[PDB]
Amino acid sequence: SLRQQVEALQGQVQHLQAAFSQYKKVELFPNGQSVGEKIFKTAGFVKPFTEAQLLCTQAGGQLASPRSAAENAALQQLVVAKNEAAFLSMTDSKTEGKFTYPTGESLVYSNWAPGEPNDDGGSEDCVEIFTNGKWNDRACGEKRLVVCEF
Amino acid sequence: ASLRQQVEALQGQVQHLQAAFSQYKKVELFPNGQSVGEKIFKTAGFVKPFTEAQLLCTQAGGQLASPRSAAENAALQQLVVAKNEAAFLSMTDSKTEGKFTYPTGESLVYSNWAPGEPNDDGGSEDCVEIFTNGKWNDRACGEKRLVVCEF
Amino acid sequence: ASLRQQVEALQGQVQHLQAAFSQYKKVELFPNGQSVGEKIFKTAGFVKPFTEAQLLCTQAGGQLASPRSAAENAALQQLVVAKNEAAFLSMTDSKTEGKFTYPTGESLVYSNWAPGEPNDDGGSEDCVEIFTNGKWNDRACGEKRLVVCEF
Ligand SMILES: O[C@H]1[C@H](O)[C@@H](O)[C@H](O)[C@@H](O)[C@H]1O
Ligand SMILES: O[C@H]1[C@H](O)[C@@H](O)[C@H](O)[C@@H](O)[C@H]1O
Ligand SMILES: O[C@H]1[C@H](O)[C@@H](O)[C@H](O)[C@@H](O)[C@H]1O
Ligand SMILES: [Ca+2]
Ligand SMILES: [Ca+2]
Ligand SMILES: [Ca+2]
Ligand SMILES: [Ca+2]
Ligand SMILES: [Ca+2]
Ligand SMILES: [Ca+2]
Ligand SMILES: [Ca+2]
Ligand SMILES: [Ca+2]
Ligand SMILES: [Ca+2]
């Protein structure tokens, strides 16, 4: 009796593994990118930084925080697909010239475009990622593609 | 004996699925879904008249948004606010004027009518819209409102 | 005693996972997907030329929509109708004019050609579109059509 029910449970789990794997592909198409244990997903619209940040946090995630070249490339895929530069999570709102993650931690990876960050006009504390994957500091009030990470 | 090996094998596979799925739930509901209790609301992101909206939801295996508590109403309001578009609810007094019912025919267990509503304005409001402030208003079923289904 | 109850507990967990997964699957497919048998169609919601469309689907781990039966065709037609945009299918006769094949090179097992089609109009129609009425027409691959992938 026990072997009969373990065999049934094995069939259930194998079915679930197959169905779940299929569903993951469906979900990520066309607005998500999985890299390592992280998933980026775009909302497909633009918002100013504060509104974008709230959308991600309320969804149970945070704004895209690429922490390696591989993460940056995956994010860049969404930016290229939508043809809209995106906000990253990181700001120097606390200490000018020192960019940090929302937790307050200093950057462990950067991909700044030449000459950046430059606090242009003395008022750029947010960060956008271009279709070329490079970063530029930009005014937080500008509207950029919303991309969150989970 | 070898069944012990198997049960321990399944425990590991189940743990992986639970964890992987937990992450995908959050991803999936961003930005057009809202979970509340065991219910999930999901917007199509566009507007339709009632009959068309109803059909979309039922064909998808769900039904138009049917908030049955203040908590559900607040969750739905989150999507309405996010989209900045009033939505249809499932409920109508199409069968008996003045008596609003769910698609099953059951009477309301919860309502959040704006003051003075429902008023059957012009003698022809049999559907219900939820505003960005979360209040309800009866409205002509012919009007186009945000499509939000529950699953 | 220990092993039988572990089976019982583990199966309650799997069945709760099955239920949650089923719910999240319905949510996922509303409004841009359709399931039919073991196949799932999902639209990107925009138009692209064939080569671009094909690449999007393959990069996503699927392929362009490839209806292999009347039931599959009807499922796909729902999305086309919902978007009101004709969609590319995966199949082409680029290799041998007049002989439409799937990406694997296999000849068609199902077709739903509109009257008069395929006609290779202008001498250069090697891709396939599906209309809102579910019928197919051969069309120039350079044209832009709704992107619908299957998984
Ligand atoms: O953030 C600024 C801004 O995008 C300017 O338009 C550009 O000329 C600067 O180089 C850049 O630092
Ligand atoms: O009850 C309300 C109210 O009468 C409004 O003034 C009218 O614009 C709406 O259509 C109606 O539903
Ligand atoms: O077969 C069709 C048909 O002849 C249409 O009139 C033409 O507009 C399309 O391009 C062609 O593919
Ligand atoms: Ca500053
Ligand atoms: Ca700055
Ligand atoms: Ca700058
Ligand atoms: Ca009436
Ligand atoms: Ca009425
Ligand atoms: Ca009214
Ligand atoms: Ca040809
Ligand atoms: Ca041809
Ligand atoms: Ca033709």
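Protein chains get the first letters and strands the later ones, always in sequence-line order, with residue 1 at the start of each.
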Report task. Test side chain to side chain contact (heavy atoms under 4.5 Å, CB included) on B:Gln6 and A:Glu7 and set out the steps. Result -> CA-CA 9 Å; B:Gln6 284 160 29; A:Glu7 189 158 288; over 6 Å; no
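Taking non-hydrogen atoms and a 4.5 Å limit, the residue list of residues 77-90 of chain A in contact with chain B is empty. Contact residues of residues 97-122 of chain A toward chain B are absent (heavy-atom distance under 4.5 Å). Of residues 26-57 of chain B, those residues with a non-hydrogen atom less than 4.5 Å from any non-hydrogen atom of chain A are, in numerical order, B:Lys26, B:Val27, B:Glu28, B:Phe30, B:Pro31. By a heavy-atom distance cut of under 4.5 Å, A:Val146, A:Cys148, A:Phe150 are the residues of residues 126-150 of chain A near chain B, going up by number.
Contacts of B:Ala9 with chain A are absent, with no heavy-atom separation under 4.5 Å from either backbone or side chain.
The distance from the CG atom of A:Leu9 to the CG atom of B:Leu10 is 5.0 Å, given to the nearest 0.5 Å.
The environment of A:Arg67 atom CZ is dense: over 12 non-hydrogen atoms of other residues, nucleotides or ligands sit within 6.0 angstrom. In the displayed structure, B:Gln11 atom CD is contacted under 6.0 Å by more than 12 heavy atoms of other residues, nucleotides or ligands.
Per-residue counts of heavy-atom pairs under 4.5 Å with chain B were compared for A:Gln17, A:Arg3, A:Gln58; the largest is that of A:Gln17.
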